[PDB]
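Cβ placement follows ideal geometry from the backbone for every residue including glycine, while neighbour counts extend to all protein chains displayed. All of the numbers you see were taken from the coordinates with simple rules; none came from a lab.
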Amino acid sequence: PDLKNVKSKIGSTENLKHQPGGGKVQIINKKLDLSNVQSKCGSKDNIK
Amino acid sequence: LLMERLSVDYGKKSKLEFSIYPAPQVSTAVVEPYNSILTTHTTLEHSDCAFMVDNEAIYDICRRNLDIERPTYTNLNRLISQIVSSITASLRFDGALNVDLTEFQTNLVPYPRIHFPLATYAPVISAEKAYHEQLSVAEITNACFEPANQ
């Protein structure tokens, strides 16, 4: 009558390494350039 | 878009505008600072001058000055219509001193980029005060300079 300790069929065997982990995000942006500036509403020559 | 095609087609003809300019603490829409700046980078190129008003201010004129409890955009637009009917009066009605659409430009605009004036009108009160106020020229002048009336 000894069955020889029969094993299960068929399980979550494909999940045994699984968690799963998460990816990443980082946003974060670049500064625009506003260095092209000069005023016009005054005098630079006729002041002299 | 339109400010330009009126340039291209009428040349040296006058362009003035009446603008609601956005509010200090209130917002009607989220992206208002983008839309104002975007327009303003064209308004500096094509408008000859621009006459500004704030919706946040005339609300407070409705509370203090006009003392009406619940101002609608209508109690607010019949307020603006006193500004337009003043602005055009020398074009429509005889007078002692004319002021034209060209004469705003030449007196308000010291450079073609320092061309955003603010408007005010006065008096702006109900009969609950207009039978107690005298309403001489000098009272009414004081009542447009007053920072709580702007």
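Residue by residue through segment A:13-45, note down the ones that are within 14 Å of chain B (Cβ to nearest Cβ), over 22 Å from the mean Cα position of the chain (by Cα) and not β-branched (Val, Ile, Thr).
A:34, A:36, A:38, A:39, A:40, A:41, A:42, A:43, A:44
Condition (residue is more than 19 Å from residue B:122 (Cβ to Cβ) and of a type outside the set (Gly, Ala, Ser)) applied to segment B:73-85: is it met by at least one residue?
So far as segment B:73-85 goes, yes, one or more of its residues are more than 19 Å from residue B:122 (Cβ to Cβ) and of a type outside the set (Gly, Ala, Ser).
Identify, from the list B:109, B:99, the residue that is β-branched (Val, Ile, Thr), free of Cβ contacts under 8 Å to residues at least 24 places away in the same chain and closer than 25 Å to residue A:41 by Cβ.
Matching residue, one of B:109, B:99: B:99.
If I ask for residues that are within 15 Å of the chain's Cα centre (by Cα) and within 14 Å of another protein chain (Cβ to nearest Cβ), which ones from segment B:114-147 would you list?
Across segment B:114-147, the qualifying residues are B:115, B:116.
What is the number of the single condition among (1) closer than 30 Å to residue B:109 by Cα; (2) not in a loop (DSSP other than H, G, I, E, B) that residue A:42 does not meet?
Of everything listed in (1) closer than 30 Å to residue B:109 by Cα; (2) not in a loop (DSSP other than H, G, I, E, B), residue A:42 misses just condition (2).
Filtering segment B:82-113 down to residues that are within 14 Å of chain A (Cβ to nearest Cβ) and exposed (fewer than 13 other Cβ atoms within 10 Å of the Cβ), which residue is nearest to residue B:150 (Cα to Cα)?
Out of the qualifying residues, it is B:110.
Does residue B:36 fit the bill of being within 12 Å of the chain's Cα centre (by Cα), under 27 Å from residue B:101 (Cβ atoms) and assigned to a helix (DSSP H, G or I)?
So residue B:36 does not fit the description; no.
Given the criterion under 30 Å from residue B:7 (Cβ atoms), away from chain A (no Cβ under 14 Å) and acidic (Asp, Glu), identify the matching residue among B:54, B:67.
None of the other options fit; the residue is B:54.
I want to confirm something. Restricting to segment B:64-79 and keeping residues that are free of Cβ contacts under 8 Å to residues at least 40 places away in the same chain and surrounded by 13 or more Cβ atoms within 10 Å (Cβ to Cβ), which single residue is nearest to residue B:53 (Cα to Cα)? Step through it out loud before you land on a result.
Taking segment B:64-79 first, the residues free of Cβ contacts under 8 Å to residues at least 40 places away in the same chain are B:69-78.
Next, from what is left, pick out any that are surrounded by 13 or more Cβ atoms within 10 Å (Cβ to Cβ): B:71, B:75-76.
On the way: B:71: 16, B:75: 15, B:76: 11 Å.
Among residues in segment B:64-79 that are free of Cβ contacts under 8 Å to residues at least 40 places away in the same chain and surrounded by 13 or more Cβ atoms within 10 Å (Cβ to Cβ), the one nearest to residue B:53 (Cα to Cα) is B:76.
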